[PDB]
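Accompanying notes for the structure given below.
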Amino acid sequence: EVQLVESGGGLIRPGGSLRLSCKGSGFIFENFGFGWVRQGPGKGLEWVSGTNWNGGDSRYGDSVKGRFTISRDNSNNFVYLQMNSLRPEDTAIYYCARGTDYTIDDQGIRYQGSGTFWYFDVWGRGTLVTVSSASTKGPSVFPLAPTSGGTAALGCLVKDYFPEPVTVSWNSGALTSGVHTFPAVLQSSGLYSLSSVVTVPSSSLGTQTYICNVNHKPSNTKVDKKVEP
Amino acid sequence: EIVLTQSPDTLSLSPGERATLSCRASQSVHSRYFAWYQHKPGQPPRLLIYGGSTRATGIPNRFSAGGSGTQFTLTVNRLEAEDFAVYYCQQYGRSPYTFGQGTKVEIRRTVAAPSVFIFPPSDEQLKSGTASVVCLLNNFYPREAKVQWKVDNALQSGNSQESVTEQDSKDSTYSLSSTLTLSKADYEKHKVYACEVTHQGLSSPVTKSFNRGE
Amino acid sequence: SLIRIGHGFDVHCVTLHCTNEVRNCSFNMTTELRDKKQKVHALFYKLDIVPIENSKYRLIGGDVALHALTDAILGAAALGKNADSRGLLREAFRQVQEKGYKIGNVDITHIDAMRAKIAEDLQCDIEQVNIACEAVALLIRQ
Ligand SMILES: *[C@@H]1O[C@H](CO)[C@@H](O[C@@H]2O[C@H](CO)[C@@H](O[C@@H]3O[C@H](CO[C@H]4O[C@H](CO[C@H]5O[C@H](CO)[C@@H](O)[C@H](O)[C@@H]5O)[C@@H](O)[C@H](O[C@H]5O[C@H](CO)[C@@H](O)[C@H](O)[C@@H]5O)[C@@H]4O)[C@@H](O)[C@H](O[C@H]4O[C@H](CO)[C@@H](O)[C@H](O)[C@@H]4O)[C@@H]3O)[C@H](O)[C@H]2NC(C)=O)[C@H](O)[C@H]1NC(C)=O
Ligand SMILES: *[C@@H]1O[C@H](CO)[C@@H](O[C@@H]2O[C@H](CO)[C@@H](O)[C@H](O)[C@H]2NC(C)=O)[C@H](O)[C@H]1NC(C)=O
């Protein structure tokens, strides 16, 4: 029953602005606090913000104070995050999350239904926000040409694409045995690079042909490259 | 701003065992103002614990946590298969609320030394004016592994990039790549290129290398 | 008439958030075991609420004995700003005096202070006088 749907993602340049929305359903929305949590590349969860049921009390992580503004619309059962002065380091997946349905004052009195954001029992599937000044580009694909353990190894190096993600398949996608696709790495240039590899019998190299299928939706690109010894 | 330091950074356990987590707080939380979360790759995090050890909705009695002052621990009496994932502590005693950096619980297997391969820059990429050397470390365990690049046996730095894959879904092993990026002008000027691998499973370090053009 | 009678009975919050011409205002309310406060709702004509500093308002007579007892007296002579109960009493006593009925007896259900506060509005007798209130006022002809 309980679900949280985020929206508003996309690519924005440094200094730009962006607006996120989170729709709650299946419970009495007006009673609950809400918060936002993000995960940068290779980082853990980082507390960004939280607001109570009517948005009257809003507070922020030290690292986001000033640039971020939280709001909510109890009339149409929406909560928002207005993000201004976005910077590259703010690049991350952002999750909307439901807080508590009670709170406690300095006197120890518990207030049922006046929710706040101490912790989060319901989390959205998350929406990606990428903050970078790099222009959408399709990858350059370079072959990685070949032994240890009695076999050879090969792969495609998908380099200088932007932004994430890409998807790789082999022979349309029927070849899964032995394929490792590595996590993308952000290069000094701010562009991504990764390698895709697959282990095969050294003897089967000459007989059969190997092509790697690179997909890069941001630029609606698709690139195959045959690997020759 | 409350800083949370967790330990260990990750755990190597086996189904049926008990797991004990650790989260150190910089300043004093009131024991009951602590939460713990669970997160598997590819899924949203799920709340496990609030109020120190009040069970969150849907969380079985098999999970328990506690602690006080500046150290708090979580204990899982008997791990099951679905329990291998990343776990985060969370304090809400003082704004800004902050999370620990996470501790990963992974599938334990037998020790596996790495299979080591080196790939030279292809002629294509060079022709385009860049030069990339790839080192592949295949099917090894444990995760800890040091990869060092050497040019004419001289150690490089700041011009290489690593990357480890997710734990293998079939054999519970890892794979890792190390990528050395060089300019074309310098590449043609030098001879020896080497990938050095140090790992728990090797009796001593293994070096793969080639001389440019051979 | 030679003698009239009047009966009185009257019954008389902190923070009220007010929204959306009527008021959909919501606020904390107390029930259960001295701690847990379920946040309830109600309604309120703008006349019934007072402003004070977002937008949060609160409740605006003040004393309930004179509320009722004033409805007693004034319920006697066949007759039926807010910040002073005392005045509205001297008002009621003005009407009744202006009809000729001298207050007979008045019963009341810091007592000495309160009575003397009434006797000042009625100019009656101390030996005549003595949260919810039910109060009675008897009118005599002079
Ligand atoms: C049901 O009952 C509940 C009862 O709680 C009620 O909900 C409460 O509603 C009120 C008003 O809507 C909320 O009060 C808000 O609190 C805001 C939080 O501010 C915090 O941060 C301040 C800054 O922190 C600095 O200092 C600390 C010091 O330790 C430091 O660490 C920080 O790093 C930072 O440097 C802090 O000063 C502030 O302290 C206030 O709160 C305590 C609480 O007891 C009080 O005792 C203090 O005297 C002090 O007032 C707090 O910790 C606060 O920002 C906000 O205040 C105003 O902010 C701007 C300033 O211009 C105003 O424009 C704005 O309009 C606000 O009025 C506000 O007062 C309160 O938080 C709710 N309850 C909870 C638990 O959050 C419901 O409304 C009731 N009704 C219903 C229907 O449920
Ligand atoms: C008067 O207030 C109540 C709550 O104080 C409002 O009730 C909400 O109605 C919406 C309908 O869209 C529900 O989604 C909310 O869950 C209700 N809240 C609660 C606490 O039940 C009511 O809508 C207000 N008056 C009007 C005309 O809407």
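Residues in the structure tokens are numbered from 1 in each chain, the chains being A, B, ... in the order shown, and ligands are numbered from 1 in the order shown.
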* To do: Find the residues of chain A in contact range of chain B, meaning any atom within 10 Å when counting only C-alpha atoms, and list them as number ranges by chain.
  => A: 43-50, 59-63, 65, 95, 97, 117-126, 140-149, 152-155, 157, 159, 180-188, 193-197, 199
* To do: Find the residues near ligand 1. Use a cut-off of 9 Å, count only C-alpha atoms and all ligand atoms, and write them as a PyMOL selection string.
  => (chain A and resi 31+51-59+62+102-107+109-116) or (chain B and resi 1+94-96) or (chain C and resi 15-17+25-29+37-41+53-56)
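Using only C-alpha atoms and all ligand atoms, the shortest contact distance between ligand 2 and any of C:10, C:21, C:112, C:120 is found at C:21.
Take CA of residue 127 in chain A and CA of residue 38 in chain A: the distance between them is 9.7 Å.
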Go through chain A residue by residue and, counting only C-alpha atoms and all ligand atoms, keep those with an atom at most 10 Å from ligand 2; for each kept residue give the shortest atom pair and its distance in Å to one decimal, ordered by chain and increasing number, as a Markdown table.
| residue | atom | partner | partner_atom_place_in_ligand_line | distance |
| --- | --- | --- | --- | --- |
| A:25 | CA | ligand 2 | 14 (O) | 9.4 |
| A:26 | CA | ligand 2 | 16 (O) | 9.8 |
| A:27 | CA | ligand 2 | 16 (O) | 7.7 |
| A:28 | CA | ligand 2 | 16 (O) | 4.7 |
| A:29 | CA | ligand 2 | 16 (O) | 6.1 |
| A:30 | CA | ligand 2 | 16 (O) | 6.1 |
| A:31 | CA | ligand 2 | 20 (C) | 6.9 |
| A:74 | CA | ligand 2 | 15 (C) | 8.6 |
| A:75 | CA | ligand 2 | 12 (O) | 7.4 |
| A:76 | CA | ligand 2 | 12 (O) | 7.5 |
| A:77 | CA | ligand 2 | 14 (O) | 7.2 |
| A:113 | CA | ligand 2 | 20 (C) | 8.7 |
Same residues, N, CA and C atoms, output as a PDB file, in the first residue's frame:
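Printed below is part_17.pdb as written:
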ATOM      1  N   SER A  25       1.337   7.784  -0.666  1.00  0.00           N
ATOM      2  CA  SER A  25       0.007   7.201  -0.749  1.00  0.00           C
ATOM      3  C   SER A  25      -0.129   6.061   0.247  1.00  0.00           C
ATOM      4  N   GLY A  26      -1.377   5.790   0.617  1.00  0.00           N
ATOM      5  CA  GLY A  26      -1.711   4.661   1.459  1.00  0.00           C
ATOM      6  C   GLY A  26      -1.699   4.927   2.945  1.00  0.00           C
ATOM      7  N   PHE A  27      -1.554   6.179   3.366  1.00  0.00           N
ATOM      8  CA  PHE A  27      -1.560   6.519   4.781  1.00  0.00           C
ATOM      9  C   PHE A  27      -1.958   7.982   4.910  1.00  0.00           C
ATOM     10  N   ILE A  28      -2.202   8.407   6.148  1.00  0.00           N
ATOM     11  CA  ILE A  28      -2.671   9.766   6.383  1.00  0.00           C
ATOM     12  C   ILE A  28      -1.471  10.699   6.287  1.00  0.00           C
ATOM     13  N   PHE A  29      -1.258  11.205   5.072  1.00  0.00           N
ATOM     14  CA  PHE A  29      -0.068  11.966   4.707  1.00  0.00           C
ATOM     15  C   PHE A  29       0.183  13.132   5.658  1.00  0.00           C
ATOM     16  N   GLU A  30      -0.875  13.870   5.998  1.00  0.00           N
ATOM     17  CA  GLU A  30      -0.756  15.091   6.787  1.00  0.00           C
ATOM     18  C   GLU A  30      -0.061  14.883   8.127  1.00  0.00           C
ATOM     19  N   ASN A  31      -0.035  13.657   8.657  1.00  0.00           N
ATOM     20  CA  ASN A  31       0.488  13.425   9.999  1.00  0.00           C
ATOM     21  C   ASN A  31       1.998  13.221  10.048  1.00  0.00           C
ATOM     22  N   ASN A  74       0.678  20.294   1.718  1.00  0.00           N
ATOM     23  CA  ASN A  74      -0.323  19.439   2.346  1.00  0.00           C
ATOM     24  C   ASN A  74      -1.669  19.487   1.636  1.00  0.00           C
ATOM     25  N   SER A  75      -1.923  20.517   0.828  1.00  0.00           N
ATOM     26  CA  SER A  75      -3.203  20.603   0.131  1.00  0.00           C
ATOM     27  C   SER A  75      -3.320  19.528  -0.942  1.00  0.00           C
ATOM     28  N   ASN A  76      -2.260  19.322  -1.723  1.00  0.00           N
ATOM     29  CA  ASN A  76      -2.254  18.321  -2.781  1.00  0.00           C
ATOM     30  C   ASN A  76      -1.405  17.107  -2.420  1.00  0.00           C
ATOM     31  N   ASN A  77      -1.026  16.965  -1.148  1.00  0.00           N
ATOM     32  CA  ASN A  77      -0.306  15.791  -0.650  1.00  0.00           C
ATOM     33  C   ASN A  77       1.016  15.574  -1.385  1.00  0.00           C
ATOM     34  N   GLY A 113       0.817  11.767  15.635  1.00  0.00           N
ATOM     35  CA  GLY A 113       0.337  12.369  14.413  1.00  0.00           C
ATOM     36  C   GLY A 113       1.091  13.599  13.966  1.00  0.00           C
TER      37      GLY A 113
END
* **Contacts of residue 12 in chain B within 12 Å, only C-alpha atoms, excl. fewer than 4 positions in-chain, as an MDAnalysis selection string** => chainID B and resid 8 17:20 79 84:85 103:111 141:144 172
